[PDB]
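First comes the structure, then the notes that go with it.
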Amino acid sequence: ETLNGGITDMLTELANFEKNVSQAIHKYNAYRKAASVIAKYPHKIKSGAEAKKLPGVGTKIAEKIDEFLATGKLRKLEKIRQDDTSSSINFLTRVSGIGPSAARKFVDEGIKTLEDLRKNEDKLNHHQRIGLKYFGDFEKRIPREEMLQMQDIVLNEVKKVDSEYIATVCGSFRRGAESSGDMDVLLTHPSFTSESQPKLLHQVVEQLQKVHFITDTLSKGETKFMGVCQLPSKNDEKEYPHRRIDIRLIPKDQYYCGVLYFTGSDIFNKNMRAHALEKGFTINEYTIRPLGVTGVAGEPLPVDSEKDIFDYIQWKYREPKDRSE
DNA sequence: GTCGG
DNA sequence: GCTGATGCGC
DNA sequence: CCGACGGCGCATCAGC
Ligand SMILES: *[C@H]1c2c(ccc3ccc4ccccc4c23)[C@@H](O)[C@H](O)[C@@H]1O
Ligand SMILES: [Cl-]
Ligand SMILES: [Cl-]
Ligand code: NA
Ligand code: NA
């Protein structure tokens, strides 16, 4: 962290400006990738040339590293930071529901701070109001211990609605992470499959609101719910912060590919999709399909467990804790 | 911005 | 009223 | 040189 923190902080700040102000999503991802690869580099970079050897670090970022190393700053970043409009646009996007487009619109009309947002509710859609309401809570991380308590509530209420449901809390949490940014829940039911009900998800969301676990709804459809939840506070104890929770309803026959996919990590999934193709298989979020000699993907293969997927590509079943790569 | 056909 | 496009989060 | 860069569900907008 102390090794190249200056560089990675610089790249990430540049990343945010590209996304939020210039609306250049590809440059945003480029800078992030450069920041990541450098974040892992087990040596203190002495020059851009050294950094350029890393995949994702090109000529431009090399030049920027040289400037930073010799001056401790980046002229363009110092300048953009002092820019009233750009810094405000960049800031507003921290509100969930306010993307680069809305942030630009707001700033163009003189709305530049949370306080300005607070006095202009009529100009915010439902999602943005909630994002504003929980601005601070949403930026806080979730200790694993709270995630465990959160899980207890979800599995219990899901089972209470129908004991045939199958719920799995995925994300880094499933891999054993010490803290999470949110709670991602994958849900299925035997009556729901690819080729075969709107209330399956609704009934669960409803029960979670009944025991006051879910406090707000950002979006809700027949297959995906996105909202806010909160653990009940202990006697005379301080209130827990509101948290982001997503609940996905997935066809049973696609459930395990979903759990695998949503457990990650991202690097693991890529390494698995690669090995999958090597054995003549195509693995995506939904299914695993056989690849013909001419490259034509056949029908979806039977999946009844996470392991089943590993068997197809002849790989040793790895537990989420070891799925970091 | 970086990579690679 | 509807259909497709856009913004957004992830 | 120049296109790719996992996109998918839902809310809301743009346009008929
Ligand atoms: C993929 C990608 C990114 C960011 C978030 C995100 C979250 C979920 C899914 C699901 C399916 C496809 C893509 C994603 C992503 C980006 O950072 C990345 O450049 C890709 O677009
Ligand atoms: Cl200006
Ligand atoms: Cl498919
Ligand atoms: Na490089
Ligand atoms: Na935002």
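The sequence lines fix the lettering, A, B, ..., with proteins before strands; numbering per chain opens at 1.
Between the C1' atom of C:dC8 and the NZ atom of A:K105 lies a distance of 12 Å, rounded to the nearest Å. The CG atom of A:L124 sits 15 Å away from the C1' atom of D:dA11 (whole-angstrom rounding). For the pair A:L249 CG and D:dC8 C1', the interatomic distance rounds to 15 Å; values are reported in whole Å. Remark: P of B:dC3 and CD1 of A:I61 are 8 Å apart, rounded to the nearest angstrom. To the nearest angstrom, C1' of D:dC8 lies 12 Å from CD1 of A:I250. Between the P atom of B:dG1 and the CD atom of A:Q23 lies a distance of 16 Å, rounded to the nearest Å. Remark: P of D:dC2 and NE2 of A:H26 are 17 Å apart, rounded to the nearest angstrom. Going from atom NZ of A:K33 over to atom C1' of D:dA4 covers 11 Å, rounded to whole Å.
Comparing B:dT2 with D:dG7, their P atoms sit 22 Å apart, to the nearest whole Å.
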Between the protein and nucleotides 1-5 of chain C, which nitrogen or oxygen pairs are less than 3.5 angstrom apart?
none

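A salt bridge between A:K140 and A:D137 is present, with a side-chain N of the basic residue lying under 4.0 Å from a carboxylate O of the acidic one. Ion pair A:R244/A:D246 flagged as a salt bridge, since at least one NZ, NE, NH1 or NH2 atom sits closer than 4.0 Å to an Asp/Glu carboxylate oxygen. Under a 4.0 Å N-O distance rule, the pair A:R174/A:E306 qualifies as a salt bridge. Electrostatic pairing of A:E157 and A:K160 counts as a salt bridge here, judged by a charged N lying under 4.0 Å from a carboxylate O. Between A:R243 and A:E146 there is a salt bridge, since at least one side-chain N of the basic residue sits less than 4.0 Å from a carboxylate O of the acidic one. Using a cutoff of 4.0 Å between basic side-chain nitrogens and carboxylate oxygens, A:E206 and A:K199 are not scored as salt-bridged. By the 4.0 Å N-to-carboxylate-O rule, A:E63 lies too far from A:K60 to be salt-bridged with it.
Between A:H126 and A:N29, the one whose closest nucleotide on DNA chain D sits nearer the 5' end is A:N29.
Although no hydrogens or angles enter the test, the distance criterion places a donor-acceptor pair under 3.5 Å between the side chain of A:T188 and the main chain of A:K252.
A:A102 comes within 4.0 angstrom of the backbone, heavy atoms only, and of no base. Residue contacts shown for A:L54 are limited to sugar-phosphate atoms, with no base heavy atom under 4.0 Å away. No contact: A:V37 has no heavy atom under 4.0 Å from any strand. Using a 4.0 Å heavy-atom distance criterion, A:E18 is classed as making no nucleic acid contact. Looking at heavy-atom distances under 4.0 Å, A:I98 makes contact with sugar-phosphate atoms alone, never a base. Across all strands shown, A:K220 has heavy atoms under 4.0 Å from sugar-phosphate atoms exclusively, and none from any base. When heavy atoms are screened at a 4.0 angstrom cut-off, A:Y28 is found touching no nucleic acid atom at all.
The base of D:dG9 sits within donor-acceptor range of the side chain of A:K224, with an N or O pair under 3.5 Å.
Ring-to-base geometry does not place A:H127 in a stacked arrangement with C:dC8 (centre distance under 5.5 Å, plane angle under 30° required).
When distances are taken from the side chain of A:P100 to each of C:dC8, B:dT2, D:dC10, the shortest belongs to C:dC8. Checking B:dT2, C:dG7, D:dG6 against every side-chain atom of A:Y261, the shortest atom distance belongs to D:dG6. Side-chain proximity of A:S219 to the nucleotides D:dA11, C:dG9, C:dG7 is greatest for D:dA11. The side chain of A:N125 has D:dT12 as its nearest neighbour among B:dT2, D:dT12, D:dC10. The A:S101 side chain lies nearest to C:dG7 when the options are D:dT12, C:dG9, C:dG7.
Residue pairs that meet the ring-ring contact (aromatic ring centres under 6.0 Å, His included) test with at least one member in residues 217-263 of chain A, sequence neighbours left out, are A:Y134-A:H242.
Residues A:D116 and A:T113 have side chains that bring a donor and an acceptor to within less than 3.5 angstrom of each other.
Pucker annotation for B:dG1 reads south, on the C2'-endo side, since its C1'-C2'-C3'-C4' dihedral is below zero.
Figure legend: A:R75 and A:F68 shown without cation-pi pairing, the cationic atom not lying both under 6.0 angstrom from the six-membered ring centre and within 45 degrees of its axis.
In the region residues 266-291 of chain A, proximity to DNA chain D at under 4.0 angstrom, judged on heavy atoms, holds for A:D266, A:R273, A:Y286.
Listed pair A:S96 / C:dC8 fails the phosphate criterion, with no side-chain N or O lying under 4.0 Å from OP1 or OP2.
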